[PDB]
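As structure tokens, one chain now follows by itself in the form deposited in one PDB entry.
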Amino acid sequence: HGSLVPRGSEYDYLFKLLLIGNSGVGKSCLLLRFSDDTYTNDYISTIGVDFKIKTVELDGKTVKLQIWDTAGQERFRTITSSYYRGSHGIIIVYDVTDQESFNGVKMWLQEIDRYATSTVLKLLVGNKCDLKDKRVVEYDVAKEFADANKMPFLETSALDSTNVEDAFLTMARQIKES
């Protein structure tokens, strides 16, 4: 007794997102910007895997985003095949001022191709677009790469908020439209 509150399962409209990319590209700062609207100049390298839950509204419906942050440093990784296979969508992050991080994208895509399902949603993010001064990866170059791999592409800055919400909502929409 007494009043029924109609409820569904714990995992109803819970979308699982995975952030992958080289160390230093800004995966953790992107997540912190999106979830807390906060930022740090500090480079505190992520150990293993961790998640945050961000609740958003899409087309008048509330969906929970379970976003997994990952170690970019190999010596700190715990990520296992199931993390790829258990994700609805994967965001690959590079740093537009770091050619090596962008070269690493092909290898990250091959990790997804190895361990994720053929149908996993993908999004390419070139971070640190606030560093216009230090850009080494041209938009048109990354865009052509993304196009050839049939995935959307956004440039972002965790520092000044540019496209951050858009990146995560883009992926959320990709999963919801699925």
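Shifts are known only where both forms have a C-alpha. Numbers follow the displayed sequence, beginning with 1. The term rigid core refers to the maximal set of C-alpha atoms that superpose within 1.5 Å between the two forms.
In this crystal structure, the stretch out of 25-33 and 45-53 whose C-alpha atoms carry the higher mean B factor is 45-53. When the C-alpha B-factors of 65-73 and 142-150 are averaged, 142-150 comes out higher. Ranked by Cα temperature factor within the chain, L109 sits in the highest third according to the deposited record.
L18 sits in the lowest third of its chain by CA B factor, as recorded in the PDB entry.
For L124, the recorded CA temperature factor ranks within the lowest third of the chain's modelled residues. The entry lists a Cα temperature factor for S157 that places it in the lowest third of the chain's modelled residues.
Although not depicted, the form deposited in another entry is the subject of the following passage.
Just one of the listed positions, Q110, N149, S45, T55, moves its Cα by at least 2 Å between this form and the one not shown when the rigid core is held fixed, and it is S45. Core-superposed comparison between this form and the one not shown: the C-alpha position of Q99 differs by less than 2 Å. If you fit the rigid core between this form and the one not shown, you'll see the Cα of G72 move by 2 angstroms or more. Legend note: Cα of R77 to Cα of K106 is at least 3 Å closer in the other entry than in the depicted form.
An increase of at least 3 Å in the separation of the C-alpha atoms of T46 and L154 is found in the other entry, compared with the displayed form.
Listed in sequence order, the shifted runs between this form and the one not shown are 9-12, 42-49, 71-83, counting only residues present in both forms whose C-alphas move 2 Å or more over at least three consecutive positions once the core is aligned.
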